[PDB]
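The chain below stands alone, shown as C-alpha cells; this is the form solved without the named molecule.
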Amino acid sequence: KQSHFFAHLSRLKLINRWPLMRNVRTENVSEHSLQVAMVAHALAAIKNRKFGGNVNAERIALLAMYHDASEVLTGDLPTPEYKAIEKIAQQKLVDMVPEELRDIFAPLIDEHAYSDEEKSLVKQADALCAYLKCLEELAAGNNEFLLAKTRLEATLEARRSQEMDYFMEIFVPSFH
C-alpha cells in the first residue's frame, strides 16, 4: 500500500556535490537539480522562441528535476559500468512507485527514456550549472575549481547549441 518513494526523494538535499574539493559553499543535489530544471527550461524556451524549436519546455524542466534522483541510493560519484550502478538505482527507485502510477515516473527518472532532444537540453543545462558553480567558487577566491572550469569548458563546446550560445551571451556574464 504505502510507498517509500517520496521518503527517499526527500534525501536529495543530503547528497553533496563536488566532494573531492574544498567548497566555499557546499552544493547539494536538490539545489543543483532546481537550477538545472530552471536552466533547461530556459534553453528549451529560447530554442522555441528564437531557433525554430518545438520542445515541450515544461516537460524538460520536470525531467531535469528528476535527472539525478537515483543518487539518493548511490551517493554522488564524482566524474574526473558505473552507468550500471546508476541504471540499477534508477530501477530500484522506480520500483518504489505504486504500480498504478509508475508509468508516470519511469520516464522522468530513467535517462534512457529521454528523447535525444530532451537529453541534449538536460545535459546542456547540467554542464552550464556545473560551469556556473565553478565561476561562483572562482569569484569567491577558490582556485580549486580552476581545473574543473577548464574541462567543463570542453564539455560545453562538445554540447554547443544556438540556445546555449544565447544563454551564455545573455545570462552568464552576470556570474562574472
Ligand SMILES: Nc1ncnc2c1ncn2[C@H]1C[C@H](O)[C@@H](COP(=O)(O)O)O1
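Just count from 1 along the sequence shown to find any residue number.
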- [ ] Using the PDB record, quantify the missing residues of the deposited sequence between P80 and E81 as none, 1 to 3, 4 to 9, or 10 or more.
- [x] 10 or more
Open item on the list: Regarding 96 to 104 and 83 to 91, which shows the higher C-alpha temperature factor on average in the entry?
Closed with: 83 to 91
Task: Per the entry, higher mean C-alpha B factor between 31 to 39 and 120 to 128 - done: 120 to 128
Task: Criterion, highest CA B-factor; candidates, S70, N142, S115, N56 - done: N142
TODO: Select one of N23, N16, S10, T155: the residue whose C-alpha shows the highest B-factor in the crystal structure entry.
DONE: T155
TODO: Consider only the C-alpha atoms of the modelled residues in this chain, order them by B-factor as the entry records it, and name the third containing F5: lowest, middle or highest.
DONE: lowest
Task: Position of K50 among the chain's modelled residues by C-alpha B-factor, lowest, middle or highest third - done: lowest
Task: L147 by Cα B-factor - lowest, middle or highest third of the modelled chain - done: highest
TODO: Place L62 in the lowest, middle or highest third of its chain's C-alpha B-factors, as listed in the PDB entry.
DONE: lowest
TODO: Among all modelled residues of this chain, ranked by Cα B factor, put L138 in the bottom, middle or top third, i.e. lowest, middle or highest.
DONE: highest
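Same protein, other form: the form solved in complex with the named molecule, not shown, and the subject of what follows.
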Task: the named molecule contact at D126 in the deposited bound form, heavy atom, 4.5 Å - done: yes
Task: Any non-hydrogen atom of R17 within 4.5 angstroms of the named molecule in the deposited bound form - done: yes
Open item on the list: Within 4.5 Å, heavy atoms only: does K47 come near the named molecule in the deposited bound form?
Closed with: no
- [ ] Give a yes/no on whether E111 approaches the named molecule to within 4.5 Å in the deposited bound form, heavy atoms considered.
- [x] no
TODO: State the residue from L63, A42, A148, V55 whose non-hydrogen atoms include one within 4.5 Å of the named molecule in the deposited bound form.
DONE: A148
TODO: Can you tell me which bits of 79 to 104 touch the named molecule in the deposited bound form, meaning any heavy atom within 4.5 Å?
DONE: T79, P80
